[PDB]
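Right, one structure below, let's go through it.
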Amino acid sequence: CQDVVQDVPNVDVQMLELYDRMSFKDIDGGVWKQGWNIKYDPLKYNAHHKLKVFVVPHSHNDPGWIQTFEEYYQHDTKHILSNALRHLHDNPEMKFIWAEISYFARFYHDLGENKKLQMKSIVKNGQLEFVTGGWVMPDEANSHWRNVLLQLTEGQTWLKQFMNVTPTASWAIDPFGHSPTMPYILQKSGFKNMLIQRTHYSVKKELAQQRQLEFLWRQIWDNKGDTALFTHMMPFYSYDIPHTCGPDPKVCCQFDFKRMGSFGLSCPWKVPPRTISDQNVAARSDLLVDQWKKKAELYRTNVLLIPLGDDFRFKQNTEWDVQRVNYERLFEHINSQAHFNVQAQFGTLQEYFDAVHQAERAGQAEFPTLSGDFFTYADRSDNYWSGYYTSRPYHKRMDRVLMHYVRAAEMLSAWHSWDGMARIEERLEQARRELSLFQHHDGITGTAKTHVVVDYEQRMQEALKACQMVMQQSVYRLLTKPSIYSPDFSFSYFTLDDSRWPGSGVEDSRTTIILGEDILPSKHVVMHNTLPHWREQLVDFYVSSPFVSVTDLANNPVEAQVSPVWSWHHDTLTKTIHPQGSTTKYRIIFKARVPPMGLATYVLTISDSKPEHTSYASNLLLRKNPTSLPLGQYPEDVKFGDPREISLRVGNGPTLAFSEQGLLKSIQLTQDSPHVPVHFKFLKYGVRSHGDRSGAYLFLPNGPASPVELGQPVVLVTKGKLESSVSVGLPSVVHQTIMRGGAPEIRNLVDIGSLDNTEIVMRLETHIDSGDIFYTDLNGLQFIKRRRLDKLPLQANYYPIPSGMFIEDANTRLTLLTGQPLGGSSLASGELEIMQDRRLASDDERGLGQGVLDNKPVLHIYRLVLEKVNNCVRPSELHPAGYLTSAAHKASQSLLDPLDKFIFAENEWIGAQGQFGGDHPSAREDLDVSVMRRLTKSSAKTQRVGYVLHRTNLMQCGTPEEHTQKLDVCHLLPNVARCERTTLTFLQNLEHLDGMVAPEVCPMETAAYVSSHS
Ligand SMILES: *[C@@H]1[C@@H](N)[C@H](CO)[C@@H](O)[C@H](O)[C@@H]1O
Ligand SMILES: [Zn+2]
């Protein structure tokens, strides 16, 4: 394995280093407003060195944005694809590229048998070429890598089955900035080339100046270069026709032949296109070839890419005719006139890349190496697109919940073949496709119209219910004696209990387990652990009595804690946000021990009084002028006090101190160690009254964030042997700190209400001497070094926080792990901050045509890890990556893939078993089974199961990693006949593995295996 810590890769372009050097000046460059007046040597071209030009027709189709998926399909996309089929069939020289398989699959399954055959034929002959072949063209900022891979796999599996093609060139023209997670996944999925568009206008200029727009994009830690994928960055402001022919959009617009005649479109530069004729073709070709030769100056080969398309183009037969016929007349003239030394024709994306690599192999070009990312994007002036890192945070949190439910449903159902009557495959395909659709760059981004967000939310809710149904059927099968198991595939054997989604303060929908001495004295509950190592996590359930004891199914007692059930309410008289105690339901809390990829059964039993192994939390309400606060049967009276500083410690874990406003102020790691200052604060950003307004995309704050008036908020302290918390009712946020014996859990119930033109930020203030350095993750896969730049505006120093962020000095690190993607920064030494929600009255003029005024309450979750790092082996000061510690990685896993909880639905579970997976290997802590998916239906003679293994890299801190077992996924299921390493989509066998053993992967590497079974 490569060492990803000690050796710094040597690349031509390192984006953090380039950012530190760049001036980011926003100068008027002339017709190319953000570049310069390009010159070329006309003698560059001659009969022996021609420019080869590929004009690549395309249509950008959003699977939800202004319309829903289904509205766009019926009004636009089905007509685009119907006209593509007819025009390409009729015109063999015409070409077209297609990205979004969600739409293509919808279209193809509505075709009659003869039209399916004609479609297969224009794909087989290469006229219609799929690019990327994902379900969508995903967001690259907020998306988890697991869901990027899921949607790629959904689209590519469909294309292999129905079109017998697997794209090797990727096309990503609209996401708002670009991540190196994409070449990471694409290069491990058979790709050879990718194309990107939305990068900072000042990056496009800097790379263009050096002809570094085409580069071998490697990962930031990759010293050897085997991760590298050839990348083409488009040079200009847009992918529309005015910005794709060359640098002068006034000229290029005249070659968008839809902008004349009866289509109702026009050129903003006020020179219309003209029909190409014998009379004008020389004059028109003079201007067009001059644009092409200017664009070709920015690249290193004599092969030029000219996209020809725009949003939902090629909808009408007449548009295909007007574009094709006028371009054919131009090609006929140019190719026939030696003085141009051009060969121009319609082409596809793969044809372009094939021709470039042929030029490279002929010695025309040696391409530069590049590492880094392309965040945060700006398309103009100070208009940085960091708003969408936070917009519609309810759905951003829902994405992470559904990610986990899909993983858990696929894994729990994978252990067996299912009869078709169980409809397992149907439910899992529905859930995979709804989650895949949401990865679209108007889905998870929060940039769609309100009614389209409602469609995404309804789809995801269906997907969650489908996963729940698969999971509970699977648990009943895995834990019922075979002598008894006789399933009804429609029946609910278990209900799922989820404490963190939507959250009881958001939707009070948790099931209360109703126990009674002389009716239902006990209930079985089951925990699932999707991670491939033993886990011992606190779990909670709602129960109808506080007098409840826990056992394992073998009747061994389990230590438990009972806490009241609290909810928070506005008082209209006092404006105070105050807690109310339930007199009817209580929380039972205990430690579940669950095998790797396994199940564990417990029993909850009622008694008439305090049982032997159940303790009761104390509750202190800190508020002047207390009113009484009853808790029904709960045996401990609430205590009252005036606001004051509080300290808590659970187990031998850290001691936390809180302010009289219930906000953290210090962490002490051990009895002996210093009280380390760590302050939580809430601030507000506003919007500019004059000049450019924030909206769903853009973050344009009116200066630094302002302190928020908290008043004298009500603080509730629940102190237990197993779990303690401090909760405070702040304006717009119920803020909780929860302690279970290690890194605290932070929960924010965020309700921005009617606070128009407000962004709520949560900030941490420390004395960590971080300077200008901080670290944020990319897609939950890797941590990238950031440098705060005072030469850029505040909004430019905001980055996506898809799963975590940290600051550190030589001695101390503070990491904040997230259960949802949000925008964040370190705007000063020792600080971290992360946006909670944003409510914007204005549109930001990027096409959505609305602000963000559809906010709803959301429960955000976090872990906060303070650690000493002076004994850790850290990368050198030049390394562009950072790595989590073991504790921070485990804390992230606790947020993203918690234990699943199941409540048995009926009164008696005949044949209940205690455990599943007790002899599953418990793998080393840096290894995950990111995916386990049965790939075959029950009718297949050879069953196939696919696994995606990911090995992260964790900082070595002198703590030797104790006894762990070798995980060979090929031997998890019996009767293995073959084990293959495959592409990550499972579509190509790369290696028939010695001994049917799936080897463990290297740090920072992801591998796919498929086991076949007789
Ligand atoms: C591409 C972009 N023009 C929009 C933002 O400006 C985007 O939200 C939408 O997906 C469109 O296709
Ligand atoms: Zn789009």
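Ligands are numbered from 1 in the order shown, residues from 1 within each chain, and chains are lettered A, B, ... in the order they appear in the structure tokens.
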
Return as a PyMOL selection string every polymer residue, whether protein, DNA or RNA, with at least one atom no more than 9 Å from an atom of ligand 1; count only C-alpha atoms and all ligand atoms. chain A and resi 60-66+173-176+238+310-312+440-442+445+447-448+697+845-848

Prev. selection, N, CA, C and O atoms, output as a CSV table (one decimal), in the first residue's frame:
chain,number,residue,atom,x,y,z
A,60,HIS,N,-29.5,19.9,-22.0
A,60,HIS,CA,-29.3,19.8,-20.6
A,60,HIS,C,-30.8,19.6,-20.0
A,60,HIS,O,-31.6,20.5,-20.1
A,61,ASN,N,-31.0,18.4,-19.4
A,61,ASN,CA,-32.4,18.1,-18.9
A,61,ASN,C,-32.3,17.9,-17.4
A,61,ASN,O,-31.5,17.1,-16.9
A,62,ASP,N,-33.0,18.7,-16.6
A,62,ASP,CA,-33.0,18.6,-15.2
A,62,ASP,C,-34.1,17.6,-14.7
A,62,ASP,O,-35.3,17.9,-15.1
A,63,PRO,N,-33.8,16.6,-13.9
A,63,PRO,CA,-34.8,15.7,-13.3
A,63,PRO,C,-35.5,16.4,-12.1
A,63,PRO,O,-35.3,16.0,-10.9
A,64,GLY,N,-36.0,17.6,-12.3
A,64,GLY,CA,-36.6,18.4,-11.3
A,64,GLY,C,-35.9,19.7,-11.2
A,64,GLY,O,-34.6,19.6,-11.0
A,65,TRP,N,-36.6,20.8,-11.2
A,65,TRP,CA,-36.0,22.1,-10.9
A,65,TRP,C,-37.2,23.1,-10.9
A,65,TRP,O,-37.6,23.4,-9.7
A,66,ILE,N,-37.6,23.7,-12.0
A,66,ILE,CA,-38.8,24.6,-12.1
A,66,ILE,C,-40.0,23.7,-12.2
A,66,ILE,O,-41.1,24.2,-11.8
A,173,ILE,N,-21.9,19.4,-16.6
A,173,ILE,CA,-21.9,20.8,-17.1
A,173,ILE,C,-22.6,21.8,-16.2
A,173,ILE,O,-22.4,23.0,-16.4
A,174,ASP,N,-23.4,21.4,-15.3
A,174,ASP,CA,-24.2,22.3,-14.4
A,174,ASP,C,-24.0,22.2,-12.9
A,174,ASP,O,-24.4,23.2,-12.3
A,175,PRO,N,-23.3,21.2,-12.3
A,175,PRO,CA,-23.2,21.3,-10.8
A,175,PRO,C,-22.4,22.5,-10.4
A,175,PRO,O,-21.5,23.0,-11.2
A,176,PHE,N,-22.6,23.0,-9.2
A,176,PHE,CA,-22.1,24.4,-8.9
A,176,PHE,C,-20.8,24.3,-8.1
A,176,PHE,O,-20.7,24.4,-6.9
A,238,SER,N,-20.4,29.8,-19.6
A,238,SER,CA,-21.6,28.9,-19.7
A,238,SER,C,-21.3,27.8,-20.6
A,238,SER,O,-20.4,27.9,-21.5
A,310,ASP,N,-28.1,23.5,-25.0
A,310,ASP,CA,-28.6,24.4,-23.9
A,310,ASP,C,-29.7,23.6,-23.2
A,310,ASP,O,-29.9,22.5,-23.5
A,311,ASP,N,-30.3,24.3,-22.3
A,311,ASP,CA,-31.3,23.6,-21.4
A,311,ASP,C,-32.5,23.2,-22.3
A,311,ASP,O,-33.1,24.1,-23.0
A,312,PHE,N,-32.9,22.0,-22.1
A,312,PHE,CA,-34.1,21.3,-22.8
A,312,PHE,C,-34.2,21.7,-24.3
A,312,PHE,O,-35.3,21.8,-24.9
A,440,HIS,N,-29.6,14.8,-7.8
A,440,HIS,CA,-29.6,15.8,-8.8
A,440,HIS,C,-29.1,17.1,-8.2
A,440,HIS,O,-29.4,17.4,-7.0
A,441,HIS,N,-28.5,17.9,-9.1
A,441,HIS,CA,-27.9,19.2,-8.7
A,441,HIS,C,-29.0,20.3,-8.5
A,441,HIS,O,-28.6,21.4,-8.2
A,442,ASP,N,-30.3,20.0,-8.5
A,442,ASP,CA,-31.4,20.8,-7.9
A,442,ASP,C,-32.1,20.1,-6.9
A,442,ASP,O,-33.1,20.7,-6.4
A,445,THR,N,-29.3,20.0,-3.3
A,445,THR,CA,-28.8,21.4,-3.3
A,445,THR,C,-29.8,22.4,-2.7
A,445,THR,O,-29.4,23.5,-2.3
A,447,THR,N,-32.2,23.9,-4.5
A,447,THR,CA,-32.4,24.9,-5.5
A,447,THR,C,-33.6,24.7,-6.4
A,447,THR,O,-33.6,25.3,-7.5
A,448,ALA,N,-34.6,23.9,-6.0
A,448,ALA,CA,-35.8,23.6,-6.8
A,448,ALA,C,-37.0,24.5,-6.3
A,448,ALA,O,-36.9,25.0,-5.2
A,697,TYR,N,-29.0,29.9,-4.1
A,697,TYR,CA,-27.7,29.6,-4.6
A,697,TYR,C,-26.6,30.4,-3.8
A,697,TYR,O,-25.6,29.9,-3.4
A,845,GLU,N,-31.4,35.5,-9.1
A,845,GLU,CA,-31.2,35.7,-10.5
A,845,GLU,C,-30.4,34.6,-11.2
A,845,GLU,O,-29.6,34.9,-12.1
A,846,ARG,N,-30.6,33.3,-10.7
A,846,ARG,CA,-29.9,32.2,-11.4
A,846,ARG,C,-30.9,31.3,-12.0
A,846,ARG,O,-30.5,30.2,-12.4
A,847,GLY,N,-32.2,31.7,-12.1
A,847,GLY,CA,-33.2,30.9,-12.8
A,847,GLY,C,-34.3,30.3,-12.0
A,847,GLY,O,-35.3,29.9,-12.6
A,848,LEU,N,-34.2,30.3,-10.7
A,848,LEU,CA,-35.2,29.6,-9.8
A,848,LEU,C,-36.4,30.5,-9.8
A,848,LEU,O,-37.5,29.9,-9.6

Running DSSP on the backbone, which parts of range 261-347 of chain A land in helix (DSSP H, G or I), as a ChimeraX atom specification? /A:281-296,317-336,338-340

I'd like the neighbourhood of residue 568 in chain A as a PyMOL selection string, where a residue qualifies if any of its atoms comes within 7 Å (using only C-alpha atoms), though same-chain residues fewer than 6 positions away should be ignored. chain A and resi 577-580

Spatial neighbours of residue 522 in chain A, 12 Å, only C-alpha atoms, chain gap at least 6 places, as a ChimeraX atom specification: /A:513-516,543-545,547-551,553,555,602-607,903-909

Writing out the chosen residues with C-alpha atoms as a compact mmCIF listing (two decimals), in the first residue's frame:
# COMPACT_ATOMS: atom_id res chain seq x y z
CA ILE A 513 -44.49 0.48 23.96
CA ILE A 514 -47.56 -0.13 26.21
CA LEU A 515 -46.80 -2.59 29.00
CA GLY A 516 -49.13 -3.72 31.80
CA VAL A 543 -42.53 3.08 27.24
CA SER A 544 -45.88 3.66 28.99
CA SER A 545 -44.42 3.06 32.52
CA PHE A 547 -40.96 0.81 36.00
CA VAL A 548 -39.23 -1.12 33.18
CA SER A 549 -36.28 -3.52 33.28
CA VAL A 550 -34.20 -4.78 30.34
CA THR A 551 -32.88 -8.29 29.74
CA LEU A 553 -33.43 -12.85 25.40
CA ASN A 555 -32.85 -13.22 30.77
CA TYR A 602 -33.67 -7.56 24.10
CA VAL A 603 -36.76 -7.71 26.27
CA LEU A 604 -38.48 -4.83 28.08
CA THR A 605 -40.50 -6.01 31.17
CA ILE A 606 -42.82 -3.96 33.44
CA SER A 607 -42.75 -4.13 37.32
CA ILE A 903 -40.23 -3.17 18.06
CA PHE A 904 -42.04 -6.53 17.70
CA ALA A 905 -45.60 -5.61 16.67
CA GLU A 906 -47.73 -8.53 18.05
CA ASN A 907 -48.16 -9.82 21.61
CA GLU A 908 -46.11 -13.06 21.23
CA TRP A 909 -42.98 -13.91 19.17

Excluding residue 842 in chain A and its own-chain neighbours fewer than 6 positions away, which residues fall within 10 Å of it when counting only C-alpha atoms? Please give them as a ChimeraX atom specification. /A:687,692-696,756-757,849-853

Which residue of A:700, A:13, A:710, A:169 approaches residue 388 in chain A most closely, using only C-alpha atoms: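 Ranked by minimum distance to residue 388 in chain A, first place goes to A:700.
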
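Taking CA of residue 428 in chain A and CA of residue 466 in chain A as the two end points, the separation is 7.0 Å.
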
Just list the residues in range 322-426 of chain A DSSP gives strand (DSSP E or B) on the backbone, as a VMD selection string. chain A and resid 342 to 346 369 to 371 374 378 384

Generate the output file for the selected residues, N, CA, C and O atoms, as a PDB file, in the first residue's frame.
ATOM      1  N   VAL A 342      -9.035  23.417 -41.717  1.00  0.00           N
ATOM      2  CA  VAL A 342      -9.973  22.851 -40.713  1.00  0.00           C
ATOM      3  C   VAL A 342     -10.682  21.623 -41.311  1.00  0.00           C
ATOM      4  O   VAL A 342     -11.105  21.648 -42.458  1.00  0.00           O
ATOM      5  N   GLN A 343     -10.917  20.608 -40.475  1.00  0.00           N
ATOM      6  CA  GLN A 343     -11.883  19.509 -40.713  1.00  0.00           C
ATOM      7  C   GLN A 343     -12.910  19.602 -39.572  1.00  0.00           C
ATOM      8  O   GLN A 343     -12.516  19.421 -38.429  1.00  0.00           O
ATOM      9  N   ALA A 344     -14.128  19.970 -39.899  1.00  0.00           N
ATOM     10  CA  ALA A 344     -15.210  20.157 -38.903  1.00  0.00           C
ATOM     11  C   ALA A 344     -16.329  19.151 -39.198  1.00  0.00           C
ATOM     12  O   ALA A 344     -16.765  18.975 -40.353  1.00  0.00           O
ATOM     13  N   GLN A 345     -16.923  18.579 -38.156  1.00  0.00           N
ATOM     14  CA  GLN A 345     -18.043  17.630 -38.296  1.00  0.00           C
ATOM     15  C   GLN A 345     -18.759  17.466 -36.957  1.00  0.00           C
ATOM     16  O   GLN A 345     -18.139  17.758 -35.892  1.00  0.00           O
ATOM     17  N   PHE A 346     -19.969  16.934 -37.005  1.00  0.00           N
ATOM     18  CA  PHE A 346     -20.690  16.502 -35.797  1.00  0.00           C
ATOM     19  C   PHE A 346     -19.931  15.328 -35.213  1.00  0.00           C
ATOM     20  O   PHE A 346     -19.428  14.435 -35.946  1.00  0.00           O
ATOM     21  N   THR A 369      -0.461  17.487 -14.405  1.00  0.00           N
ATOM     22  CA  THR A 369      -1.094  16.792 -13.260  1.00  0.00           C
ATOM     23  C   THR A 369      -1.705  17.817 -12.338  1.00  0.00           C
ATOM     24  O   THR A 369      -1.211  18.933 -12.205  1.00  0.00           O
ATOM     25  N   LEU A 370      -2.834  17.456 -11.736  1.00  0.00           N
ATOM     26  CA  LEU A 370      -3.546  18.408 -10.855  1.00  0.00           C
ATOM     27  C   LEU A 370      -4.157  17.632  -9.681  1.00  0.00           C
ATOM     28  O   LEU A 370      -4.642  16.492  -9.888  1.00  0.00           O
ATOM     29  N   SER A 371      -4.079  18.201  -8.502  1.00  0.00           N
ATOM     30  CA  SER A 371      -4.901  17.735  -7.358  1.00  0.00           C
ATOM     31  C   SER A 371      -5.613  18.936  -6.732  1.00  0.00           C
ATOM     32  O   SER A 371      -5.195  20.118  -6.874  1.00  0.00           O
ATOM     33  N   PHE A 374     -12.667  22.210  -6.720  1.00  0.00           N
ATOM     34  CA  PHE A 374     -13.131  23.443  -7.399  1.00  0.00           C
ATOM     35  C   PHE A 374     -14.315  24.000  -6.612  1.00  0.00           C
ATOM     36  O   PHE A 374     -15.341  24.323  -7.214  1.00  0.00           O
ATOM     37  N   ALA A 378     -17.644  30.751  -8.077  1.00  0.00           N
ATOM     38  CA  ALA A 378     -18.253  32.056  -8.384  1.00  0.00           C
ATOM     39  C   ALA A 378     -18.357  32.165  -9.891  1.00  0.00           C
ATOM     40  O   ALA A 378     -17.353  31.881 -10.591  1.00  0.00           O
ATOM     41  N   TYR A 384     -20.468  34.239  -4.986  1.00  0.00           N
ATOM     42  CA  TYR A 384     -20.018  32.893  -4.591  1.00  0.00           C
ATOM     43  C   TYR A 384     -21.241  32.059  -4.241  1.00  0.00           C
ATOM     44  O   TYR A 384     -22.114  32.458  -3.452  1.00  0.00           O
TER      45      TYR A 384
END

Given only C-alpha atoms and all ligand atoms as the basis, pick out the residue of A:137, A:881, A:1004, A:728 nearest to ligand 2.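 Of A:137, A:881, A:1004, A:728, the one nearest ligand 2 is A:137, counting only C-alpha atoms and all ligand atoms.
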
So how many Å separate CA of residue 36 in chain A and CA of residue 249 in chain A, to one decimal?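 For CA of residue 36 in chain A relative to CA of residue 249 in chain A, the distance reads 13.5 Å.
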
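The nearest approach to residue 453 in chain A among the residues A:393, A:729, A:112, A:502, with only C-alpha atoms taken into account, belongs to A:393.
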
Close residues, residue 746 in chain A itself excluded, 12 Å, only C-alpha atoms, min 5 positions apart in chain, as a VMD selection string: chain A and resid 500 663 to 664 680 725 to 728 733 to 740 762 816 to 819 859 to 865 891 895
